[PDB]
Structures are given as C-alpha cells and as structure tokens.
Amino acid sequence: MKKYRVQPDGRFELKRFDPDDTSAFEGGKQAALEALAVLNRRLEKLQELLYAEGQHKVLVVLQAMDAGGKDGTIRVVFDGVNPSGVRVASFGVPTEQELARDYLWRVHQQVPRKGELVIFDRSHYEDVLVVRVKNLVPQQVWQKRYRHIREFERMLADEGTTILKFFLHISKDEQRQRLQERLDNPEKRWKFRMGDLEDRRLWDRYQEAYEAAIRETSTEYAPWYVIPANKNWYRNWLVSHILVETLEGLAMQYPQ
C-alpha cells in the first residue's frame, strides 16, 4: 500500500523504514511469487496499452546502495514486457563529454517519449548522492541541485510524464552478505570491484545523502517510494504492485 510513499512535507526520516519489513503482504515468499505472477501479467497488458495509446510517458527511477537489487528489480518485475516499448537507461561514471555540460544534460537526453516506459538504472540523483558523499563538487554547488531536480521533474510531469522513483532499501548487514556472496560465486565475481568496499566504508554518509535527497525531492508529481528490499520476493512484489496501480490510474485505452 501507500505507507511507502514519502509525503512532500520534508519530514521524512529513513530510520522509520526497516529493510526487513514485509508488513504489506499477508504471507511469505511462495504466496508472493504467485501474486507477483498475477501482477506481472497485468503489467504486460498495461504496457501494451501504454505503447498502443501512444500518449503517456512513464519514467521509473531505481536507486539503491550497491547490491541493493537494481538489476534484479529490472529483470524480474519487467519479465515478458514487449521489448519495443520498454528501455533501460544506465548512468555510470560521467565522461568528459558529459561533465562538460550541466549534470542534467546526459539524463535529459534519455527521458521516455510518448508511449514508452523507461527505467533509469541509477539517475540524476547520483549528482546529489555519490557527488555529495565524495565531494566531487563543493557543498555549495550540490545543495542547489535539489531545487533543480524538483523543477526538472515538475516540467517532465507537466508535459506528460508519469514519474515513479523507488529507493530499494537494504540493511548494512544484508549488503555484507550479498557482497560476500558476490565474491564466493564464480558467476558473480565479475560484478564485484574493490571500489565496492570503499563505498561500503561510507555506508552512513550514503544513507544520510539518500535521506536528504528523498526528503527534498519527493513531490505529488514525482513521489519517492521506499521499498524494503532485504527480501527479493517482497521487493519485486511491492514494486510491481505500485507500478501496476499507477499505470491503471492513467485509464489508458486502445485507439479506435
């Protein structure tokens, strides 16, 4: 339900959300997997509607601590959706070309067009996250970006983009296990890079940056949802539920 939408009152505190919380689903993994299968099928039908109607633009932003489940959320929640109408835009270390323009330039280029659903795998929020945590620009610079982001998203929404932002929220010990497993798994070693450790040493700074970002930019037109993500089955189910409910609210119809 909507106990996970962050209200636009600037009173948000990340400690009020428990990464192991599963209270929204009355059951465990096995029943959730079945309910996910039902939601996934509705998602597929709604996506085909979105694409066919060709009017709405849908933007899903995914942010998380490292190993917080971004890849799994993309892979599982959107399984079976027509590839012609869903696109993943990943944002990594900015290139020199990208740093030569404002930080929103490379992000604005990737926004979804009419009839399209786009997933931001990481996003412009990295410019008030990692950029803040590692002081890649002075605080006086990034402090102003919360306003930039609110106004950029307001413009997107005003012009027809439905915006969903999900913070996949895992605990510190959960990250330790996933990072270790990533080491203890030959098919996952490629995902692990030593830089992952340095980011972990800053666990508390990142959590502070995430709370500030979420408090500052969760709006009626661009809400943040905090997703307890220690349980993959719960994470996938809750994201699917919110996404499906949002898409249903658009009242999309096939053209005559």
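Residue numbers here begin at 1 and follow the sequence given.
- Two stretches are in play, 50 to 58 and 194 to 202, and the higher mean C-alpha B-factor belongs to 194 to 202.
- As the entry records it, the average C-alpha temperature factor is higher for 176 to 184, out of 176 to 184 and 124 to 132.
- Each of 109, 84, 143, 161 has a CA temperature factor in the record; the biggest one is found at 84.
- Across 150, 101, 75, 165, the entry's maximum B-factor at the CA atom is seen for 75.
- In this PDB entry, residue 12 carries a Cα temperature factor that places it within the highest third of its chain's modelled residues.
- Sort the modelled residues of the chain by CA B factor and residue 68 lands in the middle third.
- In the PDB entry, a CA B factor belonging to the highest third of its chain's modelled residues is recorded for residue 37.
- Split the chain's modelled residues into thirds by C-alpha temperature factor. Residue 28 is in the highest one.
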